[PDB]
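Colleague: Sequence first, structure after; it's an experimental one.
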Amino acid sequence: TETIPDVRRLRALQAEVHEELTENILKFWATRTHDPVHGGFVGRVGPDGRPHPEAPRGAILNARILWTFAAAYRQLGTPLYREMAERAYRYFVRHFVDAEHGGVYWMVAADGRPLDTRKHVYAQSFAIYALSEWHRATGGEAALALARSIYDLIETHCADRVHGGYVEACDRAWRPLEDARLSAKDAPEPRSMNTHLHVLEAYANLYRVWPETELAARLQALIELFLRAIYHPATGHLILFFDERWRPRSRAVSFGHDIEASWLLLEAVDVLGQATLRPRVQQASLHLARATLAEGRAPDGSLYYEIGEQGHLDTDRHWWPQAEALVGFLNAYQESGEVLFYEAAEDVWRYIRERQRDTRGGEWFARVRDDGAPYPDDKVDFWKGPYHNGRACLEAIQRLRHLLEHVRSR
Ligand SMILES: OC[C@H]1O[C@@H](O[C@H]2[C@H](O)[C@H](O)[C@H](O)O[C@@H]2CO)[C@H](O)[C@@H](O)[C@@H]1O
Ligand SMILES: [Cl-]
C-alpha cells in the first residue's frame, strides 16, 4: 500500500524548489559571475558579494558552471541558460583544455594562462561530466569528442589494473604525482572515495551519450569497487581514504558524501541497465540513507559536516550536504516507499529556505554554524559552484513530477 504525500504538498514543494532555482540560484550566477574583461566567469565572489575578475580560476568550478547551465537549459528551456552554458564552454575549451597533452589544467590565471598544470582525475571527471551534459543539451560534436579524449587519458595514464580504480593525479604530461591531495584538508593517501565517486558520476553521464562497450565495463567495475571496498556494511558509511590495494587508511565519516553516493550509485547502475547488480546497490544505497538519517542530522533536519579522524563531530552546515540530502532523501523515498524519507527531505528543504539560503546577498551561504550564524565565507570560489544546489533543485523537480504522476489519469 502506497503512503504518499497529497498532491497539494508535492506540488507546493516542487514550486518552491523551482522558485529557489530560477529566482535565486541561477539568477545569482547569471548576473553576478560573468566576466566581460577576460570572458567566462569570475573565480571568486567574496562574502560581501564582490566579484573578483582577476582571481585564479579553477577547472572544477568552470566545469560545474558549464554542467549546471547546460542541465538547466536542457530541462527548463530558458534561452539565458544556453547563453551562459555557451559562455562557460567557450572559455573552457580555449583555456582549460590542454591542446597538446590533453585533459584539463587545474587552475588558470584570469586571462587564461595556465597557472597550475597538474592533471587531477577529479578535475578530468568534472570535465567529462560537463562536456557530456553540454552534448546532451545541444548535440555539439566537439564537446563529445573532447569528453571521449579525456576518458581515454584517464584509462591510459591513471587506471590501476592490479587493484582496481585509479591513480588520482598526474602532472601536465600525465606523469603520476606523489601528492594527489585535492587540498590541505585531505589525507595524503593514494586512493580516495571522493575522487572515485566523481569518476563514477562522470562515466555514467558519458555512457548516456556514448554507450561504448569498454566504458560500460569500466563503469561496472567502479560500481563493484564501491560495493566491495568503499561502502562499509557494518557502519553504513563510505570509507574515505585507502592505499593502492583498498586497505582503509581513514576512519572519518562524511555525511554529505554518503547521501550523495546513495543516489549516484543507483543512477549509474540504471544508466548501465545492470539488473544483476541493482539489488545490492539498492541495499547499500538505502543503508547509506538510513545511516545519514540516524547519525548525520541535527534536530532541525539539516546535515552536519563530518566526523573527523579523531572522532570530533563538525556541526557546521555546509551548503552542499544539504543539497545532496534533498536529492538523496527523495531518492530513498522513491526506492523504498518509506515516507519517513520524504519527511526528511521536507525537513532539509525547510532548513535550506530558513537558514542556508542567503536572502540578503543572494544564493546560499557556504557554511552556517550550529547556532544559526552564517560564516563570512566566500560566496563563490574554487570549491563552490552552482552544481550541487542547482542539480539538487533540478533533481527534486523531476522526482516530484514523477511522484505526482502516481495519481493516475482517468
Ligand atoms: O577535500 C577537498 C575539498 O572538498 C570540498 O568539498 C567537496 C566534496 O569533497 C565533494 O567532492 C563534493 O562533491 O563537492 C564538495 C564541494 O566542492 C570542500 O568544500 C573543500 O573545502 C575541500 O578543500
Ligand atoms: Cl558546486
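Modeller: Cool, the structure landed. Numbers count the residues shown, from 1 in each chain. Ligands and ions are numbered 1, 2, ... in the order given.

Colleague: quick one, helices of the protein?
Modeller: 7-19, 26-32, 59-76, 79-91, 121-138, 141-157, 193-209, 213-225, 255-272, 278-295, 319-336, 340-351, 387-404 (DSSP state H).

Colleague: With respect to ligand 2, which of those lies nearest?
Modeller: helix 387-404 (3.8 Å; Cβ to the ion). Just so you know, the C-beta spots here come from the backbone N, C-alpha and C atoms, and that holds for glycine as well.

Colleague: any idea how far the closest one is from the chain center?
Modeller: 14 Å (Cα atoms, centre = their mean, to the nearest Å).

Colleague: counting contacts, what elements does it pack onto?
Modeller: Using 3 or more Cβ pairs under 8 Å, 6 or more residues apart in numbering; DSSP states H and E as the contact test, the elements touching helix 387-404 are helix 7-19, helix 59-76, helix 319-336.

Colleague: which outside residues touch it?
Modeller: Contact with helix 387-404 is made by 4-5, 7, 10-11, 13-14, 17-18, 20-21, 25-26, 29, 64-65, 67-68, 71-72, 75, 263, 319-320, 323-324, 326-327, 330-331, 334, 345, 363-364, as judged by Cβ atoms under 8 Å, 6 or more residues apart in numbering.

Colleague: PyMOL command for the buried members of the residues you listed?
Modeller: Here is the PyMOL selection string for the buried members of those, based on 16 or more other Cβ atoms under 10 Å:
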select buried, resi 5+10+13+14+17+18+20+21+25+26+29+64+65+67+68+71+72+263+319+320+323+324+326+327+330+331+345+363+364
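
Colleague: give me the subset of the contacts of helix 387-404 touching ligand 1.
Modeller: residue 320 (Cβ under 6 Å from any ligand atom).

Colleague: Of the contacts of helix 387-404, which are in range of ligand 2?
Modeller: Contacts with ligand 2 within the contacts of helix 387-404, counted by Cβ under 5 Å from the ion: residue 64.

Colleague: Tell me how many other residues crowd residue 340.
Modeller: Here the number of neighbours of residue 340 (other Cβ atoms under 10 Å) works out to 14.

Colleague: start the count at 31, not 1, going forward
Modeller: All right, first residue 31 from here; so that's residue 370.

Colleague: Setting aside sequence neighbours, what's the nearest residue to it?
Modeller: residue 323 (7.6 Å; Cβ to Cβ, 6 or more residues apart in numbering).

Colleague: same deal with residue 109?
Modeller: residue 103 (8.0 Å).

Colleague: Residue 417 too?
Modeller: residue 94 (3.8 Å).

Colleague: repeat for residue 296
Modeller: residue 315 (5.3 Å).

Colleague: Same question for residue 70.
Modeller: That would be residue 121: by Cβ to Cβ, 6+ apart, it lies 3.2 Å from residue 70.

Colleague: Quick one: residues contacting that neighbour.
Modeller: Counting by Cβ under 8 Å, 6+ apart, residue 121 has contacts 69, 70, 71, 92, 142.

Colleague: Tell me how many other residues crowd the closest residue to the last one other than its chain neighbours.
Modeller: Excluding its sequence neighbours, the residue lying closest to residue 142 (Cβ to Cβ, 6+ apart) is residue 125, at 3.6 Å. Residue neighbour count, defined by other Cβ under 10 Å, stands at 23 for residue 125.

Colleague: One more: the one 10 residues further on?
Modeller: Counted with other Cβ under 10 Å, residues neighbouring residue 135 total 24.

Colleague: swap in residue 155?
Modeller: Neighbours around residue 155, by other Cβ under 10 Å: 28.

Colleague: Spell out which parts of the protein neighbour ligand 2.
Modeller: 94, 415, 417, 418.

Colleague: between these, which is nearest residue 153?
Modeller: Comparing these against residue 153 with Cβ to Cβ places residue 94 closest, at 10.6 Å.

Colleague: Would you confirm that that closest one contacts residue 153?
Modeller: No: applying Cβ atoms under 8 Å, one finds residue 94 not in contact with residue 153, separated by 10.6 Å.

Colleague: so the residue nearest to residue 296 sits right up against residue 363, yeah?
Modeller: No: the pair residue 315 / residue 363 is not scored as a contact, 12.0 Å apart, by Cβ under 8 Å.

Colleague: Neighbour count for those two, which is higher?
Modeller: The residue with more neighbours, out of residue 315 and residue 363, is residue 315; 26 against 23, by other Cβ under 10 Å.

Colleague: residues touching the more buried one, list them.
Modeller: 291, 292, 293, 295, 296, 361, 362, 365.

Colleague: Same question for residue 82.
Modeller: 72, 73, 74, 75, 76.

Colleague: Any chance of the residues you listed in TSV with neighbour count and distance to residue 217 as columns?
Modeller: Putting the contacts of residue 82 into TSV (neighbours: other Cβ atoms under 10 Å; distance: Cβ to Cβ, whole Å) gives the following:
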residue	neighbour count	distance to residue 217
72	22	31
73	25	26
74	22	26
75	24	29
76	16	29
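
Colleague: Spatially, which two of these are the most separated?
Modeller: With Cβ to Cβ as the measure, no two of the contacts of residue 82 lie farther apart than 73 and 76, at 11.5 Å.

Colleague: Contact residues of this protein facing ligand 1?
Modeller: With Cβ under 6 Å from any ligand atom as the criterion, the chain meets ligand 1 at residues 212, 213, 215, 216, 224, 350, 413.

Colleague: ok, 8 Å please
Modeller: Listed as neighbours of ligand 1 in the chain under the rule Cβ under 8 Å from any ligand atom: 90, 152, 212-216, 224, 227-228, 284, 286-287, 290, 348, 350, 354, 396, 413-415, 418.

Colleague: Which among those residues count as buried?
Modeller: 90, 152, 212, 216, 224, 227-228, 284, 286-287, 290, 348, 350, 354, 396, 413-415, 418.

Colleague: which residues touch the residue lying closest to residue 249 once chain neighbours are set aside?
Modeller: Distance criterion Cβ to Cβ, 6+ apart; nearest residue to residue 249, sequence neighbours excluded, is residue 233 at 4.7 Å. Contact analysis of residue 233 by Cβ under 8 Å, 6+ apart lists 155, 158, 181, 245, 248, 249, 252, 298.

Colleague: By proximity to ligand 1, which residue of the stretch 181-330 of the chain wins?
Modeller: residue 213 (3.3 Å; Cβ to the nearest ligand atom).
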